[PDB]
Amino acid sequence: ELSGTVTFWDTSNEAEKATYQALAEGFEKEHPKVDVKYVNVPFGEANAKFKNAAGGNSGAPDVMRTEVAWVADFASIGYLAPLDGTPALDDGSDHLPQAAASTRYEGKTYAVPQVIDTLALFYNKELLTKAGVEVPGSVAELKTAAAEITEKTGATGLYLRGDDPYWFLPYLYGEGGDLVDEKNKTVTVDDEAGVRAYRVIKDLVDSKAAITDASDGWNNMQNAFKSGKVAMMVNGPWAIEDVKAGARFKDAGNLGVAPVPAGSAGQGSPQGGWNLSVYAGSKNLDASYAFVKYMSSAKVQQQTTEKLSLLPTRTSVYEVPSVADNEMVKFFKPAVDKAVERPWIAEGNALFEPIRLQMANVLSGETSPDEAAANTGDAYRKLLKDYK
């Protein structure tokens, strides 16, 4: 017996949201006495919007699309219903383990996995071919390629997103670095790899291998890539359908994807994604648990992939020929398998702001790579009282 309102806050983007609204409302097919109230909440506003509503117990959603780092955020302050022993969890073991870790806080389950993702190098196949260059495997190989692209086509090699701190991580990993050593509770972002990573990004822009912008970075990146102003960008699966809307990439075939470039030490890309959580103060808990089970079901994950090319969290879904034979998926799944995990801690979400500020100042020339790394480390030690 399910009935009543289930308000769902979805953070998915302009290209994704019609699909997600349809899936959400599809819950009513099997439960016609439930009224699904779909609301799209912009990614940048959603964390604060949810905390505001939950903290005041006023107009909070029943079900929240919850970024991997937000689960511990929200859970630690009491805003999420624990899900262990509820109908929200069905065939839990099916989910990728690294997806499952992000749902956990202090020995309890506060979310169900929805999608998993990572960053990759997207490229314009026809531009690279016209430039006579191969997809670059390293930063060194990207610089050489960018020069040939400018010389032969007039395009810039890379749009380097300059306003979102997540985009720093591939460069950090490529220089042999990482934010923290979790096992040893030690801040590591200010090791020499951090200095090198800030220096690499500045060199890419100064050398004109890359362009960037200090604001409106998502739109600027997409516009530059779709208009052929650049040959390459670093982005994730949430960009695929948006890109394919463009005249340049209808022929889905013209859209190349490859790993993010190696740096001087190695190569890596971060693990991200989205889970589904239930507000602790929901006045329709049964219907919400069922809604979460439905939205995380193999059937719905498969449909999401078919319409959007977003990656399922369920292992079984990869065995469905329709998913197993998808080319964006065929690339992204192995890349996700290799993606770097982060500490799933209450202050994990706040590790990004320090990077954002220092990265902006490095790109504008206000701050040296050396100072930026030290500043980032200083901010982490302030955030993480039991880290050295």
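We number the residues from 1 along the sequence you see.
Averaged over their C-alpha atoms, the temperature factors of 293-301 and 95-103 are higher for 95-103. As the entry records it, the average C-alpha temperature factor is higher for 14-22, out of 14-22 and 366-374. Placement of the Cα temperature factor of residue 358 within the chain: lowest third of the modelled residues, per the deposited record. Per-chain ranking of the deposited C-alpha B factor places residue 249 in the middle third.
Per the deposited record, the Cα B-factor of residue 87 falls in the highest third when ranked against the other modelled residues of its chain. When the modelled residues of the chain are ordered by their C-alpha B factor, residue 182 lands in the highest third. Per the PDB record, residue ranking by Cα B-factor puts residue 241 in the middle third of the chain.
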